[PDB]
Amino acid sequence: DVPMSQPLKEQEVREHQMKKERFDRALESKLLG
Amino acid sequence: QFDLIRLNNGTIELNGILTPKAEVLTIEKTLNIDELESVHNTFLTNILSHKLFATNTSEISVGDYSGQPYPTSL
Amino acid sequence: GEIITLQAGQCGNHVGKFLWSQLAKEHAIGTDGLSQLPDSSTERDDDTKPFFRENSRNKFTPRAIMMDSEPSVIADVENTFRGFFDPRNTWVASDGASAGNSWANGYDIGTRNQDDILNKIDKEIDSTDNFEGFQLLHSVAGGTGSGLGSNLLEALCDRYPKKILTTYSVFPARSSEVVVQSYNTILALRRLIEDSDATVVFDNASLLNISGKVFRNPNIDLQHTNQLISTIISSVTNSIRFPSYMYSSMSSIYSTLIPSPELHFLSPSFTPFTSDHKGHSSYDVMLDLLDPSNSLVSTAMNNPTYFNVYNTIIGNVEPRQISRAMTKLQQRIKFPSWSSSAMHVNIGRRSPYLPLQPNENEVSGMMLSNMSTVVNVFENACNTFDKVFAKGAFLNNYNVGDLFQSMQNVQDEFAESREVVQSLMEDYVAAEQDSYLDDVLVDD
Amino acid sequence: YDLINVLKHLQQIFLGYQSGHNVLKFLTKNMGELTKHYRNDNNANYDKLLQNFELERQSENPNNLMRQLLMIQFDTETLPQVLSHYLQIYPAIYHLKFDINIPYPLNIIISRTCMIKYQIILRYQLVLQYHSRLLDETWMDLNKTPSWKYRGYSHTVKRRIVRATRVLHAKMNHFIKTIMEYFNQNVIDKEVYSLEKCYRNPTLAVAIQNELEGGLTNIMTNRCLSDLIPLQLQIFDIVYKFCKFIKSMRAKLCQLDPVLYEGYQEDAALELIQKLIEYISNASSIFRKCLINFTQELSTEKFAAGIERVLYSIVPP
Ligand SMILES: Nc1nc2c(ncn2[C@@H]2O[C@H](COP(=O)(O)OP(=O)(O)O)[C@@H](O)[C@H]2O)c(=O)[nH]1
């Protein structure tokens, strides 16, 4: 009925995990995949 | 026990697959005839591969200021 | 970094007996100097080398010089450690027994034998490549004990100017013997203050305050409580013997413990332990360590100023417990306005061969600190000294060797030794003040 | 294959897990050899250090293949240049790195990804160890070499130069070790336990591979490698500078005090005192600015146990 936000831990976890993923993806690229 | 190959870039390469230990789920590195000859040829080649002996090739730097192969000067 | 233990006087040799016994247990080496381990596993996951000259043979020779005037204490140790010790590193002042309990006597025998003593020290240094330092075990008020320590210190501070010679000082509870013992303490202390590396204080009064609760009473004896002394020494070197990856050197240890060129006398504490250990948490051990009830120095101060606080916890330590303990410890330590309070916490290892290890799901540990009140251990000796050596028999008739070339070398050596000690006390106090650095860091 | 032994060997090599012993012996032997190649030097004459490495490697137990295969190589980018690139750190010392030609089949688990992360970790730790070791040597000089013996310079030097030097130094020693204790205790050791407990009696090869890279990533993602590097670097420059200032300036000061100099009676020593005072006052200021900036950065995570311990060692009484 109201404009409620998403879960706080889930967003925190995603920020953490996405950071991890971006980093690993960058490394994979340097290793040429 | 490790058969290691030293490379010029510092890499130490295991010569092949790393084998399991004697404990498994279920010999001597001796040389054969060609290998013995190869070692010998390799050796002589190595002596003559030293830059100072490369007098039969354009690859020898011919000194620097003298313009001659090192053995000419020697 | 190789370390050579110096066992001076009977106290030093008795303490060494306990130390070496613990080391033999920690590194499963027998009393015969042999590894107790099967050789089916050749990797030990430890390094005995800094304390033992592991031989090509199954032999671990303790890196120690055994020194006395009374050969029977050394023999008691060598006769226990039947193959473990190398007898060629044993020196005894055979050219006359010390003429009573006077540091001067110990000094005079050490002085005459200084070259021989040093030769034994170098025979052992020759067995060390990366020689780093020495550990001197001695009583502070013994004739042979403190006198030998005084001679050893003078000889070594100049001979090995870049090596580390620390001191393990054993202090008798003050009693009537103080009329002699306070100068043995004071004059040998002058030598420590001027020449020694970081020193740790062991107060016999506290060994007894503790042993009366943890040793099998009635035998709570000071030569029995050498196990408490040994516990601290072995705890300190645990990071060397079963090294981790943080503190692997004495110089690294003292980098956060010694704030100035001044020799500091540090005050150890320890809890809980097993010897011949079930703590609940590291949280509790760290908090329990900041309490005089676990101290080996009877400083007995309710609000001492602390500097240079360090502790080591050994076992299955949870970092959350450590963090919570630091959080509260951070709020309840007295320290000067000029220095942020940095507590250093190290995590050590249990020996892979420790018989207790298979069932240790508990932790224990040690704390060391720079206390403005550590000097309380010298207070009774000092007051005695001021009243006794001002003019008593105690000033001159107990002096031999250079100390008694003339009365002048007694009258001034004693007065000066007292002053050196007074200065030590004054600086521990100066450090309690904000002015210590307010008259430094904004002086521009 | 005794993979666990292989792994502890690897950890001992690149995390330096339970091997401060070996880190120190090598570091000490070559401590002064880490002063020149990064100073814009096309150094092709470090072969002596390479050889020192090999000679030390030769002393290791031959069963430890992971040591037998270890090699020293040089990069073109230093650790922070590498990290700023990979961690997108809002944007110059040490090009050294080590590697291992991990053989098949073990290299199926110990991937190149793992090995490059290992190099990063090791280089980071070595840098911290380098600075710590410089500080360890530094207090040894300050509190042992008889500069501490100076008296003949008055309290006008004893306090503002000598006590000031020693306390600034101690603050630095406390800072560096506090950070190192944090990294090793709140980062490295927990990952190692994770690996051992995730192992125990494993059921999936993939799970092993996953945790191995997982922990290494968690480390790569540590705030200390991501957000704080720029200030760690300022501190490192400070440590290096103060450590090189010491010993040299320590000796120079003897000209003022007859206890060592005795000849001298020069305004030059008085110039030295003023240089020392100004240097020290600036030395304090730049160190403090870094601590301030550091504290401030830590305080903005928009909320930490491993942070709070660090702050505790920094924040003034
Ligand atoms: N804690 C402890 N105290 C000791 C030990 N042995 C003797 N003492 C103390 O040592 C003090 C004097 O030094 P000591 O070495 O015993 O006598 P010395 O050989 O004639 O110098 C005495 O007051 C004793 O209380 C020991 O092994 N441990």
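Residues numbered from 1 in each chain as written, not as in the entry; some residues may be left out. Chains lettered and ligands numbered in written order. Part of a larger assembly, values for the part shown. Heavy atoms only, no water.

Asks: In this structure, what is going on with the overall build of chain C? I would like to understand it.
Replies: For chain C, the count of helices and strands is 16 helices and twelve strands. In terms of overall dimensions, chain C is globule-like: its C-alpha atoms have a radius of gyration of 22 Å, near the 22 Å expected for 444 residues. For chain C, the exposed area adds up to about 17,000 Å²; of that, 46% sits on carbon and sulfur atoms. Counting 33 positive and 54 negative side-chain charges, chain C places the averaged centre of each group 6 Å from the other. (Helix = DSSP H or I, 4+ residues; strand = E, 2+ residues; numbered from the N terminus. Rg over C-alpha atoms; globule rule 2.2 N^0.38 Å. Areas by Shrake-Rupley, 256 points an atom, 1.4 Å probe, with all protein chains shown as cover. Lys, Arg positive; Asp, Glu negative; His and termini not counted. Charge placed at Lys NZ, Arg CZ, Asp CG, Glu CD.)

Asks: What should I look at first to understand the pattern of salt bridges in this one?
Replies: Side-chain pairs of opposite charge can arise where the charged atoms are in close proximity. All names here are of chain C. Here the structure, examined in full by the defined rule, presents 41 salt bridges over all chains. Across the salt bridge formed by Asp 129 and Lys 49, the nearest N and O atoms sit 2.9 Å from each other. Here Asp 129 is found in the loop between α4 (114-125) and β6 (131-139), whereas its partner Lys 49 is found in the loop between α1 (9-26) and β2 (52-54), with 80 residues between them in sequence. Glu 194 is the salt-bridge partner of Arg 191, the closest N and O atoms lying 3.3 Å from each other. In this pair, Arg 191 and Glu 194 both sit in helix α6 (residues 178-195), three residues apart, roughly one turn of the helix. (Salt bridge = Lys/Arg side-chain N within 4 Å of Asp/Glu carboxyl O.)

Asks: Just checking my understanding: could you explain the side chain of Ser147(D) for this structure?
Replies: Residue and element names in this part refer to chain D. Note on placement: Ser 147 falls in the loop between α6 (112-144) and α7 (155-199). A distance of 3.0 Å separates the side chain of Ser 147 from the side chain of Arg 166, its partner in a polar contact. For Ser 147, the residues in contact, after removing those within four places along its chain, are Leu 142, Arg 166 and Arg 250. (Polar contact = N/O pair within 3.5 Å; in protein donor to acceptor, adjacent residues only side chain to side chain. Contact = heavy atoms within 4.5 Å.)

Asks: For this particular structure, what's the right way to read the site of the ligand?
Replies: Residue and element names in this part refer to chain C. Lining the immediate environment of the ligand, one finds 18 residues, of which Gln 10, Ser 139, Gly 145, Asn 204 and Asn 226 sit closest. One nitrogen or oxygen atom from the main chain of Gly 143 is found 3.3 Å from an oxygen atom belonging to the ligand. Here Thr 144 contributes a backbone N or O atom positioned 3.3 Å from an oxygen atom of the ligand. For the ligand, the accessible surface in isolation is 580 Å², of which the surrounding protein chains cover 83%. Looking at the shell around the ligand, the elements with two or more residues in it are α1, α5 (143-159), α7 (204-214) and α8 (226-236). Grouping the amino acids of the shell around the ligand by side-chain chemistry returns six nonpolar, twelve polar and no charged. (Near = heavy atom within 4 Å. Nonpolar A, V, L, I, M, F, W, Y, C, P; charged D, E, K, R; others polar.)

Asks: Just to check I follow, could you spell out the sheet that holds strand β5 (residues 90-92) of chain C for this structure?
Replies: Strand pairing in a sheet takes place through backbone hydrogen bonds and is either antiparallel or parallel in direction. All names here are of chain C. Read across the open sheet, the ten strands follow the order β5-β4-β1-β6-β7-β8-β9-β12-β10-β11; overall the sheet is mixed. Two strands close off the open sheet at either side, each with one partner strand: β5 and β11 (344-348). Direction aside, the axes of adjacent strands within the sheet are offset by 20 degrees on average. The pairing of β6 with strand β7 (residues 164-171) spans seven bridges and is parallel. Residue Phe 134 lies in a different strand from β7, and its bridge partner there is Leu 165. Running at roughly 135 degrees to strand β1 (residues 2-8), α1 makes contact with β1, β4 (64-68), β6 and β7 of the sheet. (Pairing = 2+ DSSP bridges. Axes fitted to C-alpha atoms, helices over the stretch in contact; angles between N-to-C directions.)

Asks: Teacher, can you tell me more about the interface of chain D and chain B here?
Replies: Bring the parts together and some accessible area is lost; that lost area is often taken as the interface size. Across the boundary between the two partners, chain D contributes 15 residues, which contact 14 residues of chain B. At the boundary of chain D and chain B, one finds one salt bridge. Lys21(B) is paired through a salt bridge with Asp2(D); the nearest N and O atoms lie 2.6 Å apart. The interface formed by chain D and chain B holds five residue pairs in polar contact in total. Those elements that place two or more of their residues in the side of chain D that touches chain B are α4 (65-68) and β1 (70-74) of chain D.

Asks: So what exactly am I meant to see when it comes to the arrangement of the chains here?
Replies: Contacts are most numerous, across the three pairs of chains in contact, for chains C and D. Left apart from each other, chain A and chain B have a closest C-alpha approach of 18 Å. No interface is formed between chain A and chain C, the nearest pair of C-alpha atoms being 20 Å apart.

Asks: I'm lost on the UniProt feature "binding site: GTP" in chain C in this one. Help?
Replies: Residues and elements named next belong to chain C. As annotated in UniProt, the feature "binding site: GTP" corresponds to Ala 141, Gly 142, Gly 143, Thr 144, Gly 145, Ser 146 and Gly 147 in the numbering used here. Within the secondary structure, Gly 145 sits in helix α5. Setting aside residues up to four positions removed in sequence, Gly 145 forms contacts with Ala 8, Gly 9, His 138 and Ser 139. By the element assignment, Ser 146 lies in helix α5. Accessibility expressed as a relative area gives 1% for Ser 146, which makes it buried. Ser 146 has contacts with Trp 103, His 138, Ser 139, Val 140, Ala 141, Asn 184 and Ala 188, leaving out every residue within four places of it along the chain. A polar side-chain atom of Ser 146 sits 2.6 Å from the main-chain carbonyl oxygen of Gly 142. (UniProt positions renumbered as here; feature names shortened; annotations may be inferred. Buried < 20%, exposed > 50% of the residue type's maximum accessible area, 1.4 Å probe, protein only.)

Asks: Help me out: how do you make sense of a nonpolar patch on the surface in this one?
Replies: Residue and element names in this part refer to chain B. Judged by side-chain polarity, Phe 43, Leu 44, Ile 47, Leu 48, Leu 52, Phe 53 and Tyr 70 come together as a nonpolar surface patch covering roughly 660 Å² of accessible area. Per element, the largest residue contribution to the nonpolar patch is four residues, and it comes from helix α1 (residues 33-48). Within the secondary structure, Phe 43 is located in helix α1. For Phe 43, a relative accessible area of 44% corresponds to the partly exposed category. (Patch = residues over 30% accessible without salt bridge, like charges linked within 9 Å, V, L, I, M, F, W, Y side chains within 5 Å.)

Asks: What should I look at first to understand the interface of chain D and chain C in this one?
Replies: Taken together, the contact pairs 47 residues of chain D with 49 residues of chain C. For the pair chain D and chain C, the two sides together bury roughly 4,200 Å², of which 55% comes from carbon and sulfur. Our count for the chain D to chain C interface comes out at three salt bridges. Of the charged contacts, one joins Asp443(C) and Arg160(D) as a salt bridge, the two residues approaching to 2.7 Å between their closest N and O atoms. Put simply, chain D and chain C have 29 residue pairs in polar contact between them. Only α2 (20-29), α6, α7, α13 (267-299) and α14 (305-314) of chain D provide two or more residues apiece to the side of chain D that touches chain C. (Buried area = accessible area lost by both parts, 1.4 Å probe.)

Asks: Could you clarify how one ought to interpret the pairing of strand β10 (residues 306-314) of chain C in this entry?
Replies: Look at any regular strand and the pattern is simple: side chains alternate between the two faces of the sheet. Residues and elements named next belong to chain C. Summarising burial for β10: nine of the nine residues are buried, a large majority. In terms of strand pairing, β10 meets strand β12 (residues 364-371) through seven bridges, oriented antiparallel. Bridge assignment links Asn 311 to a residue of β12, and that residue is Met 367. Relative to β11, β10 runs parallel, the two sharing five bridges. Across the sheet, the residue bridging to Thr 312 is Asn 346, located in β11. Taking the sense of rotation as the criterion, the β-α-β connection linking β10, helix α12 (residues 319-329) and β11 turns out right-handed. (Right-handed = clockwise from strand over helix to strand, strands pointing away.)

Asks: What is the right way to look at helix α10 (residues 229-245) of chain D in this model?
Replies: Residues separated by three or four positions in an α-helix point in the same direction, a consequence of the helix having 3.6 residues per turn. All names here are of chain D. Relative to the 24 Å expected for 17 residues at 1.5 Å per residue, α10 spans 24 Å between its end C-alpha atoms, a close match to the ideal helical length. Contacts made by the buried residues of α10 are with α5 (79-86), α6, α7, α9 (223-226), α11 (248-252) and α13. Once α10 finishes, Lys 247 follows within two positions and takes phi at roughly 80 degrees, a positive value. (Expected span 1.5 Å × (residues − 1).)

Asks: What should I look at first to understand the domain arrangement of chain C in this one?
Replies: All names here are of chain C. Here chain C is described as being made up of domain 1 (1-266), domain 2 (267-371) and domain 3 (372-435). Using C-alpha coordinates to define each centre, domain 2 is positioned 33 Å away from domain 3. Here domain 2 packs against domain 3, burying approximately 870 Å² in sum over the two surfaces, 52% of which is carbon and sulfur. Summed over the three residues of domain 2 that lose the most area to domain 3, namely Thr 299, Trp 338 and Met 371, the buried surface amounts to 41% of that side. Applying the counting rule to domain 2 against domain 3 returns six residue pairs in polar contact. Of the residues in the side of domain 2 that touches domain 3, the class split is seven nonpolar, five polar and no charged. (Domains from an automatic or database assignment.)

Asks: Explain helix α13 (residues 379-388) of chain C here, please?
Replies: For α13(C), the complete set of buried residues consists of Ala381(C), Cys382(C), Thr384(C), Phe385(C) and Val388(C). Buried residues of α13(C), viewed axially, fall in a sector of 165 degrees; they line one side. (Arc of directions from axis to C-beta.)

Asks: Would you mind showing me how to read unusual backbone geometry here?
Replies: The step from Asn217(C) to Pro218(C) runs through a cis peptide bond, and the omega angle for that step is 5 degrees. Mapping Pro218(C) onto the fold places it in the loop between α7 and α8. Here the bond from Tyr104(D) into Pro105(D) is cis, since omega is 0 degrees, no more than 30 degrees from zero. Turning to its location among the elements, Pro105(D) is positioned in the loop between β2 (96-100) and α6. One non-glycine residue with positive phi stands out, namely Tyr94(D), at about 80 degrees.

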